[PDB]
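Text of run.txt, listed as compact mmCIF, C-alpha atoms and all ligand atoms:
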```txt
# COMPACT_ATOMS: atom_id res chain seq x y z
CA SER A 1 132.01 28.59 57.76
CA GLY A 2 133.52 31.98 56.89
CA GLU A 3 130.91 33.56 54.55
CA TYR A 4 129.02 36.61 55.80
CA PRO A 5 126.15 35.29 58.08
CA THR A 6 122.60 35.44 57.05
CA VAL A 7 119.29 34.60 58.64
CA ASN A 8 119.72 31.10 57.27
CA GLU A 9 123.01 30.48 59.22
CA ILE A 10 122.21 32.04 62.57
CA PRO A 11 120.45 29.58 64.93
CA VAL A 12 117.28 30.82 66.56
CA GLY A 13 117.90 33.43 69.24
CA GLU A 14 121.59 33.73 68.37
CA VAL A 15 124.20 36.17 67.23
CA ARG A 16 127.18 35.77 64.95
CA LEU A 17 130.35 37.83 64.65
CA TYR A 18 132.33 38.46 61.46
CA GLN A 19 135.90 39.66 61.42
CA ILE A 20 136.13 42.73 59.17
CA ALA A 21 139.69 43.86 59.88
CA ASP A 22 142.22 43.73 62.69
CA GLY A 23 140.32 44.76 65.81
CA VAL A 24 137.03 45.26 63.91
CA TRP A 25 134.06 42.89 63.80
CA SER A 26 130.49 43.15 62.71
CA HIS A 27 127.71 41.51 64.70
CA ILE A 28 124.69 39.97 62.97
CA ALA A 29 121.35 38.99 64.49
CA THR A 30 117.83 38.43 63.24
CA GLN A 31 114.49 39.73 64.46
CA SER A 32 110.86 39.61 63.48
CA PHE A 33 108.89 42.79 62.90
CA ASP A 34 105.34 43.03 61.57
CA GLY A 35 105.42 39.35 60.68
CA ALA A 36 108.62 39.27 58.62
CA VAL A 37 112.16 38.30 59.61
CA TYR A 38 115.11 40.62 58.99
CA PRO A 39 118.85 40.51 59.64
CA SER A 40 120.68 43.47 61.09
CA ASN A 41 124.30 44.49 61.65
CA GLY A 42 126.29 46.33 64.25
CA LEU A 43 129.98 46.90 64.90
CA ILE A 44 132.59 45.98 67.54
CA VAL A 45 135.88 47.88 67.69
CA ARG A 46 138.83 46.96 69.92
CA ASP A 47 139.72 49.86 72.27
CA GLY A 48 142.98 48.64 73.90
CA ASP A 49 141.95 45.89 76.30
CA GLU A 50 138.27 46.94 76.09
CA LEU A 51 135.64 46.97 73.33
CA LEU A 52 133.43 49.69 71.89
CA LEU A 53 130.05 48.45 70.65
CA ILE A 54 128.11 50.19 67.86
CA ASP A 55 124.36 49.39 67.95
CA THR A 56 122.43 46.72 69.78
CA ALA A 57 121.46 43.36 68.27
CA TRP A 58 117.76 44.38 67.86
CA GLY A 59 116.13 43.29 71.08
CA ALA A 60 116.82 42.42 74.66
CA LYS A 61 117.38 38.71 74.24
CA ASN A 62 119.42 39.19 71.08
CA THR A 63 121.60 41.72 72.90
CA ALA A 64 122.18 39.38 75.84
CA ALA A 65 123.20 36.74 73.26
CA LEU A 66 125.53 39.32 71.64
CA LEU A 67 127.31 39.89 74.95
CA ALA A 68 127.72 36.12 75.40
CA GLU A 69 129.03 35.71 71.86
CA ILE A 70 131.58 38.50 72.42
CA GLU A 71 132.77 36.83 75.60
CA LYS A 72 133.15 33.49 73.81
CA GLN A 73 134.84 34.82 70.64
CA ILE A 74 136.84 37.85 71.83
CA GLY A 75 136.98 37.76 75.62
CA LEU A 76 137.38 41.50 76.26
CA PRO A 77 134.82 43.59 78.13
CA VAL A 78 132.37 45.86 76.34
CA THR A 79 132.67 49.15 78.18
CA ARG A 80 130.80 51.63 75.96
CA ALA A 81 128.12 51.48 73.28
CA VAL A 82 126.91 54.04 70.74
CA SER A 83 123.52 53.80 69.04
CA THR A 84 123.45 55.32 65.54
CA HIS A 85 119.72 56.20 65.45
CA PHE A 86 116.54 55.73 67.48
CA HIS A 87 114.97 52.63 65.93
CA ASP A 88 114.74 49.35 67.83
CA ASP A 89 117.42 47.69 65.66
CA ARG A 90 119.85 50.26 67.17
CA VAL A 91 118.59 50.86 70.72
CA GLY A 92 116.53 47.74 71.56
CA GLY A 93 118.82 46.08 74.07
CA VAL A 94 120.17 49.26 75.65
CA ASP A 95 118.56 48.32 78.99
CA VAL A 96 120.41 44.93 78.84
CA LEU A 97 123.67 46.75 78.09
CA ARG A 98 123.09 49.24 80.91
CA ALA A 99 122.55 46.46 83.46
CA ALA A 100 125.68 44.65 82.18
CA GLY A 101 127.89 47.63 83.06
CA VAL A 102 128.08 49.12 79.57
CA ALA A 103 127.88 52.92 79.32
CA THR A 104 125.39 53.76 76.56
CA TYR A 105 125.59 56.83 74.33
CA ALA A 106 123.65 58.51 71.52
CA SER A 107 123.13 62.00 70.15
CA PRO A 108 120.55 64.18 71.90
CA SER A 109 118.39 63.92 68.80
CA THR A 110 118.43 60.11 68.98
CA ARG A 111 117.66 60.19 72.69
CA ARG A 112 114.65 62.47 72.18
CA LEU A 113 113.31 60.37 69.30
CA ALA A 114 113.82 57.13 71.19
CA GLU A 115 111.94 58.48 74.19
CA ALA A 116 109.08 59.70 72.04
CA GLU A 117 108.85 56.32 70.24
CA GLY A 118 108.74 54.32 73.47
CA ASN A 119 112.11 52.77 72.66
CA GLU A 120 115.01 52.20 75.09
CA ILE A 121 117.02 55.31 75.76
CA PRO A 122 120.86 55.52 75.86
CA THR A 123 122.14 57.17 79.04
CA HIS A 124 124.66 59.70 77.76
CA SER A 125 124.32 62.43 75.17
CA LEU A 126 126.85 62.93 72.37
CA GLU A 127 127.26 66.66 71.73
CA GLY A 128 129.05 68.12 68.75
CA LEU A 129 127.03 66.23 66.13
CA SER A 130 124.02 68.48 65.55
CA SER A 131 125.02 70.01 62.20
CA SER A 132 125.53 68.01 59.02
CA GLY A 133 129.22 67.42 58.41
CA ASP A 134 130.01 67.39 62.13
CA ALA A 135 132.48 64.82 63.42
CA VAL A 136 133.73 63.86 66.88
CA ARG A 137 136.16 61.25 68.16
CA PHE A 138 134.94 58.43 70.39
CA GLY A 139 137.59 55.97 71.38
CA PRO A 140 138.95 54.23 68.31
CA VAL A 141 136.28 55.65 65.97
CA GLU A 142 135.10 58.88 64.45
CA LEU A 143 131.35 59.61 64.62
CA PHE A 144 129.96 61.63 61.70
CA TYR A 145 126.55 63.19 61.21
CA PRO A 146 125.93 63.28 57.42
CA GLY A 147 122.49 64.88 57.52
CA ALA A 148 119.04 63.38 57.34
CA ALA A 149 118.79 60.13 55.36
CA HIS A 150 117.21 56.92 56.66
CA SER A 151 116.31 58.99 59.74
CA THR A 152 116.91 62.58 60.79
CA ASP A 153 119.31 61.49 63.52
CA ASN A 154 121.38 58.83 61.71
CA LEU A 155 125.11 58.72 62.48
CA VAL A 156 127.87 56.94 60.58
CA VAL A 157 131.05 55.55 62.12
CA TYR A 158 134.59 55.41 60.70
CA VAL A 159 137.42 53.25 62.03
CA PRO A 160 140.54 55.14 60.85
CA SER A 161 143.00 52.38 61.73
CA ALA A 162 141.27 50.05 59.27
CA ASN A 163 139.52 52.39 56.82
CA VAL A 164 136.19 50.80 57.76
CA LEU A 165 133.04 52.84 57.17
CA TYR A 166 129.99 51.65 59.11
CA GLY A 167 127.12 53.36 57.37
CA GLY A 168 124.34 51.99 59.49
CA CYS A 169 120.86 52.21 58.08
CA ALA A 170 121.72 55.20 55.89
CA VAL A 171 123.59 52.72 53.65
CA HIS A 172 122.14 49.70 51.92
CA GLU A 173 123.69 46.56 50.63
CA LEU A 174 124.41 46.03 46.90
CA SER A 175 121.70 43.41 46.40
CA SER A 176 119.01 45.81 47.71
CA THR A 177 116.12 46.71 45.45
CA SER A 178 114.43 49.04 47.84
CA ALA A 179 115.17 51.70 50.26
CA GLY A 180 114.14 49.53 53.23
CA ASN A 181 111.97 50.93 56.02
CA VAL A 182 111.53 54.58 54.98
CA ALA A 183 108.86 55.49 57.55
CA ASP A 184 111.19 58.03 59.21
CA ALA A 185 113.37 58.88 56.20
CA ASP A 186 114.05 62.07 54.28
CA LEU A 187 114.17 60.72 50.67
CA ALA A 188 114.93 64.18 49.23
CA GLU A 189 117.91 64.84 51.56
CA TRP A 190 119.25 61.28 51.58
CA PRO A 191 121.35 61.57 48.38
CA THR A 192 122.90 64.82 49.64
CA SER A 193 123.75 63.13 52.94
CA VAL A 194 125.35 60.19 51.09
CA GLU A 195 127.40 62.65 48.97
CA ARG A 196 128.67 64.10 52.23
CA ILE A 197 129.78 60.67 53.38
CA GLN A 198 131.49 60.03 50.04
CA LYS A 199 133.37 63.34 50.25
CA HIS A 200 134.40 62.86 53.88
CA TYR A 201 135.60 59.22 53.66
CA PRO A 202 137.09 58.73 50.19
CA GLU A 203 139.63 56.18 51.44
CA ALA A 204 137.11 53.78 52.93
CA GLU A 205 137.99 50.17 52.06
CA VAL A 206 135.02 48.38 53.60
CA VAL A 207 131.49 49.79 53.83
CA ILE A 208 129.04 48.07 56.19
CA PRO A 209 125.26 48.63 55.79
CA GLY A 210 122.74 48.52 58.63
CA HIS A 211 121.19 45.39 57.13
CA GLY A 212 122.91 42.92 54.79
CA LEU A 213 126.31 42.32 53.30
CA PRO A 214 129.40 44.55 53.53
CA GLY A 215 131.21 45.65 50.40
CA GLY A 216 133.27 48.52 49.13
CA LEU A 217 132.64 52.19 48.39
CA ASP A 218 130.07 51.27 45.73
CA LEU A 219 127.50 50.71 48.46
CA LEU A 220 127.30 54.51 48.80
CA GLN A 221 126.44 55.25 45.16
CA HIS A 222 124.11 52.22 45.05
CA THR A 223 122.27 53.61 48.08
CA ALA A 224 121.78 56.98 46.44
CA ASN A 225 120.52 55.21 43.30
CA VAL A 226 117.99 53.06 45.16
CA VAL A 227 116.66 55.97 47.21
CA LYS A 228 116.22 58.16 44.08
CA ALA A 229 114.44 55.35 42.28
CA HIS A 230 112.21 54.79 45.32
CA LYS A 231 111.26 58.47 45.68
CA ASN A 232 110.38 58.54 41.99
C1 LIG B 301 112.06 50.35 62.19
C2 LIG B 301 113.09 49.20 62.27
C3 LIG B 301 113.13 48.52 63.61
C4 LIG B 301 112.85 48.24 61.10
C5 LIG B 301 111.85 47.25 61.17
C6 LIG B 301 111.63 46.35 60.10
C7 LIG B 301 112.38 46.40 58.93
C8 LIG B 301 113.38 47.40 58.81
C9 LIG B 301 114.31 47.76 57.78
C10 LIG B 301 114.47 47.09 56.48
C11 LIG B 301 113.40 46.72 55.72
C12 LIG B 301 113.53 46.08 54.49
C13 LIG B 301 114.81 45.82 53.98
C14 LIG B 301 115.04 45.15 52.65
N1 LIG B 301 113.84 44.45 52.21
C15 LIG B 301 113.43 43.18 52.75
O1 LIG B 301 114.06 42.63 53.57
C16 LIG B 301 112.15 42.52 52.24
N2 LIG B 301 112.09 41.18 52.77
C17 LIG B 301 110.98 43.31 52.79
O2 LIG B 301 110.81 44.48 52.04
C18 LIG B 301 115.88 46.19 54.79
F1 LIG B 301 117.14 46.01 54.29
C19 LIG B 301 115.75 46.81 55.99
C20 LIG B 301 115.01 48.84 58.27
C21 LIG B 301 115.98 49.72 57.61
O3 LIG B 301 115.77 50.02 56.41
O4 LIG B 301 116.92 50.23 58.32
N3 LIG B 301 114.61 49.13 59.54
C22 LIG B 301 113.59 48.27 59.91
ZN ZN B 302 116.12 52.63 61.27
ZN ZN B 303 117.73 49.67 60.13
```
Whole structure given in structure tokens:
Amino acid sequence: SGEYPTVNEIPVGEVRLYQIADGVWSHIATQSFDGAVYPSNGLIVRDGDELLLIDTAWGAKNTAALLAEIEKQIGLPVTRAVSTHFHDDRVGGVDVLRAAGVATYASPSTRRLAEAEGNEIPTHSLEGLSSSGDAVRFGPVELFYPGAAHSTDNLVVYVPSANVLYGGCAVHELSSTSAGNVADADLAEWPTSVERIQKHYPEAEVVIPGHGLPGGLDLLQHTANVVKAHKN
């Protein structure tokens, strides 16, 4: 009823959308992994009379439900998708997207890591993102590679028309007490990568984490704090 959705308000197998700004939505789904249930976010950005999708809904069936929810709530076609790193919460569902006519994209690093993990593999490679601080335009967004953080390949996404920063899994929500799933992380570099984000996007108004609730710019400093306290 208007609050940000949580696992407790998403019916089983289902996806919810949340309006962030004009022409910007997040998508929220839930999935089980190793016997626990987690929410995850992605982004939808209006691209004229088409939509750009950022990240899958963490699984094939979730991603099919995402497409249905978009059709119901927005009614514009998803034409392109970008995955912001190689984990299944970002790429699981790419095969569904690819068979639904969506062109799927990720950095070459993400594609290599996805293939090596046995995860679904986006079709198209995004060049120009291999060095930290790199940025490229992609439709209505800017893609930015901040350096290694949650993963070596993690990308963030900025929507300049709305000053929305989608941090993905490199950014955690304010209520977080832990650095999440750090199996593939670089805890030592992560603060430096967050400082790069902070320097590059000082006018961000909304910051969206990979998992949990959006907030403001404070999510960035909080993230650095939680990662430092974890590493210690
Ligand atoms: C590899 C990928 C598919 C994956 C699988 C499973 C979990 C995760 C998470 C994750 C884990 C924990 C928390 C917060 N803690 C809790 O939710 C407590 N209930 C338990 O510690 C969180 F915010 C995110 C992340 C991430 O960090 O990006 N990626 C995950
Ligand atoms: Zn991840
Ligand atoms: Zn994640």
Show me which residues line ligand LIG 301 (chain B), defined as having an atom within 9 Å of a ligand atom where all atoms listed in the file count, and present them as a PyMOL selection string.
chain A and resi 31-34+36-40+58+86-90+92+150-151+168-173+176-184+209-212
Go through A:164, A:100, A:15, A:188 and flag the residue nearest residue 216 of chain A, using only C-alpha atoms for the distances.
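Among the listed residues, the smallest separation from residue 216 of chain A belongs to A:164.
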Let me have the centre and edge lengths in Å, one decimal, of the box along x, y and z around every listed atom of segment 170-173 of chain A with 3 Å of margin on each side, as lines of an AutoDock Vina configuration file.
```
center_x = 122.7
center_y = 50.9
center_z = 53.3
size_x = 8.0
size_y = 14.6
size_z = 11.3
```
Spatial neighbours of residue 97 of chain A, 12 Å, only C-alpha atoms, chain gap at least 2 places, as JSON, numbers by chain:
{"A": [52, 53, 54, 55, 56, 57, 59, 60, 61, 62, 63, 64, 65, 66, 67, 68, 77, 78, 79, 80, 81, 82, 83, 91, 92, 93, 94, 95, 99, 100, 101, 102, 103, 104, 105, 120, 121, 122, 123]}
Nearest-residue call for residue 201 of chain A, choices A:154, A:143, A:30, A:224, using only C-alpha atoms
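Once distances to residue 201 of chain A are computed over only C-alpha atoms, the minimum belongs to A:143.
Our summary of the geometry notes that atom CA of residue 206 of chain A is positioned 18.3 Å from atom CA of residue 6 of chain A.
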Near residue 193 of chain A, counting only C-alpha atoms, which residues have an atom at most 6 Å away, once you skip same-chain residues fewer than 3 positions from it, shown as an NGL selection string?
:A and (146-147 or 190 or 196)
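Residue nearest ligand ZN 302 (chain B) within the list A:167, A:11, A:5, A:214: A:167 [criterion: smallest interatomic distance, only C-alpha atoms and all ligand atoms].
If you measure from each of A:208, A:141, A:135, A:149 to residue 28 of chain A using all atoms listed in the file, the closest one turns out to be A:208.
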Just give me the residues with any atom within 7 Å of (133.7, 54.5, 49.8), file coordinates, counting all atoms listed in the file, written as an mmCIF file with C-alpha atoms, in the coordinates of the input.
```cif
data_model
loop_
_atom_site.group_PDB
_atom_site.id
_atom_site.type_symbol
_atom_site.label_atom_id
_atom_site.label_comp_id
_atom_site.auth_asym_id
_atom_site.auth_seq_id
_atom_site.Cartn_x
_atom_site.Cartn_y
_atom_site.Cartn_z
ATOM 1 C CA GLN A 198 131.490 60.030 50.040
ATOM 2 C CA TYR A 201 135.600 59.220 53.660
ATOM 3 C CA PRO A 202 137.090 58.730 50.190
ATOM 4 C CA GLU A 203 139.630 56.180 51.440
ATOM 5 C CA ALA A 204 137.110 53.780 52.930
ATOM 6 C CA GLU A 205 137.990 50.170 52.060
ATOM 7 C CA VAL A 207 131.490 49.790 53.830
ATOM 8 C CA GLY A 216 133.270 48.520 49.130
ATOM 9 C CA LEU A 217 132.640 52.190 48.390
ATOM 10 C CA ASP A 218 130.070 51.270 45.730
ATOM 11 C CA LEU A 220 127.300 54.510 48.800
#
```
For atom CA of residue 4 of chain A and atom CA of residue 17 of chain A, quote the distance in Å rounded to one decimal.
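Separating atom CA of residue 4 of chain A from atom CA of residue 17 of chain A is a distance of 9.0 Å.
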What does the structure give for the distance between atom CA of residue 222 of chain A and atom CA of residue 41 of chain A, in Å to one decimal?
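A separation of 18.3 Å between them.
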Given all atoms listed in the file as the basis, pick out the residue of A:144, A:223, A:107, A:162 nearest to residue 19 of chain A.
A:162
Considering all atoms listed in the file, can you say which of A:213, A:129, A:142, A:113 comes closest to ligand ZN 302 (chain B)?
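Among A:213, A:129, A:142, A:113, it is A:113 that comes nearest to ligand ZN 302 (chain B).
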